[PDB]
Every structure is written in structure tokens, then in C-alpha cells.
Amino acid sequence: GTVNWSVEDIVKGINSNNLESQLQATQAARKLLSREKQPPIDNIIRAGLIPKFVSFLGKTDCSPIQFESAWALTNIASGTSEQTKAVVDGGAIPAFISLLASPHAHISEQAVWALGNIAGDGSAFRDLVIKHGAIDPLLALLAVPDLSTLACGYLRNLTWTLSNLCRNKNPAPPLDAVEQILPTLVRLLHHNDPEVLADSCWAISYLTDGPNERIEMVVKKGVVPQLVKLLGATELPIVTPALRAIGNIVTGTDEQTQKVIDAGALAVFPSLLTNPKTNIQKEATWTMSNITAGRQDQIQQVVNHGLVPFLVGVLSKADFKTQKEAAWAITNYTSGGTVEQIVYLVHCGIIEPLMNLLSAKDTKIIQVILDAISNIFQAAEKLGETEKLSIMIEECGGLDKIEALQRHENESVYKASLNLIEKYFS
């Protein structure tokens, strides 16, 4: 009977001089803290029990109390930053790192979990866990010929804790820590368990969310083809982080973007740009907008893969955030594209949805659309066809919108719109 103990009874048992009474009371605490309904974390903290639990972590001759106190401290560290800090302040970090080497797998796993919660608080505790030396023993647990010999839940918890050591910015994780973790991360990215794949992908997405040097560290390990394969997964919890990572990577240099293209990513975008999950569609369109900001041959590969009609589709009908990203993709396309590429854009039907979006309450999207329209008109000039385009815009009703924009609040807006009128509709 360790069920429904009072905190006072727990304190009584833990303050006894009897390791087995302490074990019973720690288990009672664990059971209080592992209920879903409002676990009494703060009451346990106020009772002063964290130091006792931390001391129990070191009791090698009573592994049950190591496990029970590890679980209790895990659940305390799962709370607010103040509660996690309470666990850190009691000395828990080195004690958990020492438990990583336990011969009992359920105890090492519980230490992995606790360290995941501590690191998940934020950059400072993440880096403090690293400074206390957690990475080496964590990776040692994964240094096996075949990850399949490990228990599924254990492997999942190891992957998740590793992902938290890769998470967060200001600052990003230490460069040497990333380099030390990456080979194991790449091995996890090839594992067959959906949750391991998802959390590995999330870690890779964290590591690519930064300057081009971080992106390059990742790309050099050769993960882009595997990311593209996972971009094609049926499980949405895998697609989402794989797509996040791909989008991050194409924020980099034209060469890193080209590595994404060469791996076959564009072939997946017909489905991504029509995906029923709004956030997938939005992130896919954001990624496209960064690809169309690249080189003219990269725009050409966007064309060859049949993706301009899919951008026309998103512009015609999508969540408004997705539509704004699509407008960005079009402006980048027209800013970097050849005359022929811009003409092709017009032939795909861009004008009417582009115009229909000008009645938006968002000023940024209006600016973006007007810039795109100007670039298209410049290509038309280069071809001597500006009247055709003006007639198109007028026939679908866009000229009325542009005229209405003459009396717009923002300076750039009415500057742009009256330039258009005086230059092409006079």
C-alpha cells in the first residue's frame, strides 16, 4: 500500500533512518506525482524532498530507490521552469548523468528521460547538461551494431532527449556538441520506428534552423536524400519535421538549395502544395518561395516539375497565410526569372488570382503583389506586349483595385499603384 499517501506521511518515511521505509515513501511520492489530475509538484517541493531524492539517486545497493526517485524527479522536472530549476538546484544533473551507466536498463532510461526534461527547459539548462558531460554516456547507450536490439520505448526516449539537446537558440547548441551528436542522429534517421524517425527529423530541423554554417554541418553528413524520402512519408508526424528541415536548408546558399533539388524534393511538392493539413501547405509554399528566390536554372527546375500551376492553385484557394507565402513565391520568381519564365507564369493563369488577392486587409501582401505586377510588366515591355497585359488586368477587374489603392494609407502602396497607372494605364 503505497497508494494515496499524505505528503506528511511521505516526509515521515523519508526522514526515517531506514532505507526500506525511505523506499516505500519515495514510491508513494512517485505515485502521487504520476497521476494525471493536478499532481502536487509544489507540495512535494515545499516539503523539502528534492535533496533526499537526489541523494537516493546514488544508492547503488538499492536500485529500486534509484528508480523510484528518478521517476519522481523526472515528473517534478516536467513542470514549470521554476520546478525544473528546483530539480537542477538540488544537484540532480551529475547524479542522473552517473545513472546513465546503470546496469539496469529501466533506471538508465529514467535518467535519460529526466535529462531530457531538464534540457528541454531551455538553452541555459541544455548547455549546463552538456557541460556536466551528458553527451558521451548518452551516445554510448546507442553505440550498438543494430538499433533494433534496443527496446522500442528506450530508443524513443533516447532519441527525444537527444532532440532536446539539439533544440533552442539564443544561443544554438555548442558546435562541438552538434558535431559529436550528428553521426548518431544520422543513424537514428534511418531507423524504422515512426516516433524515432519523427524526433530525429525534429532534431535535424533544429540544427538546420540557423546560419549557413549550421546548415552546412548538417548537409555534409549526407542526410538530404533521406529527408526527401521522409518528406514522402504517409505519417504526417514525419512529413512535418522533414519538411521543416528541407525548408530550413533552402534558406541557405544556392548550392545547399541545389542539393535539395538534386535529391528529388520538387517531385513531392504536387502533394505537399495540396496537402489537407494547413500547416503542411503553408510550409511547403514558404519553401517554394525560398526556392524561387534562387538562380534562373533553379526557377527552371520549378517550371519543369510542373509546380507553377500548383502555385496558381494556392493563390486561387488556400488559407490566407498560405496565400501570402504564395504571393512571396511569385514575387521572387518574377524578380529572378527570365522573360520567358515570367511569360510562362502569365500563361498559367497567375493574373486573375493575383489580382483577386489585392482586396486583402494585409498591407505586406499588397506590396508584394504590386512588386510582382511591376516585374511582369517589365518583361512585357521587353517583349512589347504591355497592352495585352494591361487589357488582361482590366478585364478581370484588377485595375479597379489598383486605382482604389491610390488612396491607400501606406506610402509605398500609393506610390506603386499610381506608378502602375501612369506607366501602363494612361
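So that there is no doubt, residue numbering starts at 1 and follows the sequence shown.
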**OP:** Report the stretch with the higher mean CA temperature factor, choosing between 55 to 63 and 359 to 367 on the basis of the entry.
**Re:** 359 to 367
Original post:
Which is higher in the entry, the mean Cα B factor of 320 to 328 or that of 158 to 166?
Top reply: 320 to 328
Original post:
If you compare 28, 70, 376, 44, which has the highest Cα B-factor in the entry?
Top reply: 376
Original post:
What's the residue among 132, 187, 295, 244 with the greatest CA temperature factor in the PDB record?
Top reply: 295
Original post:
Compared with the other modelled residues in the chain, in which third is the CA B-factor of residue 215?
Top reply: middle
Subject >> Among modelled residues of the same chain, the CA temperature factor third for residue 277 >> reply: highest
Original post:
Sorting the chain's CA B-factors, does residue 227 end up in the lowest, middle or highest third?
Top reply: lowest
**OP:** Using the B-factors in the PDB entry, rank residue 340's C-alpha atom against the chain and give the third, lowest, middle or highest.
**Re:** highest
Original post:
Against its chain's modelled residues, does residue 14's Cα B factor rank lowest, middle or highest third?
Top reply: middle
